[PDB]
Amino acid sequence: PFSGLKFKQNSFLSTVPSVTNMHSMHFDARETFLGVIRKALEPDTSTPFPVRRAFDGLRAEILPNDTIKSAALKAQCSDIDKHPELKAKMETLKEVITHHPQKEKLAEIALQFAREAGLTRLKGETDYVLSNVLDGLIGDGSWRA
């Protein structure tokens, strides 16, 4: 579906929080982590225009920066079977994530968020969107156990 999709190397680096930031009482691990992944999914300029436009729309809808929108999506996904369109979009994005050229680094960052900010503390009860992103990075889903 996204033929020719390439990503901008290190596009997410400046968005990765410091361990100190992760320890802040005001730090939102889930929203921040999804924001890091959204930045990592920035298309490389060599990506054909039609593809760039469609992919930007998908990553923005599934990983909104606005927290009110993010919360609204989370609520909808609690009954994901009622939203075929969102389900299709999540599965499509998860598939793209499994082939990310810097997936290894993104998974290490996810594990850092896990250890320093409790990102994966809900284990298998982790919400739909975050679970699919984490499974995209760590295929065996072992982050749950």
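One-based numbering along the sequence shown.
As the entry records it, the average C-alpha temperature factor is higher for 49-57, out of 94-102 and 49-57.
Remark: stretch with higher mean C-alpha B factor among 29-37 and 82-90 is 82-90. Considering 133, 16, 22, 122 together, the PDB entry gives 122 the largest C-alpha B factor.
Of the residues listed, 68, 63, 110, 77, the entry assigns the biggest Cα temperature factor to 77. For residue 44, the recorded CA B-factor ranks within the highest third of the chain. Only modelled residues enter the ranking.
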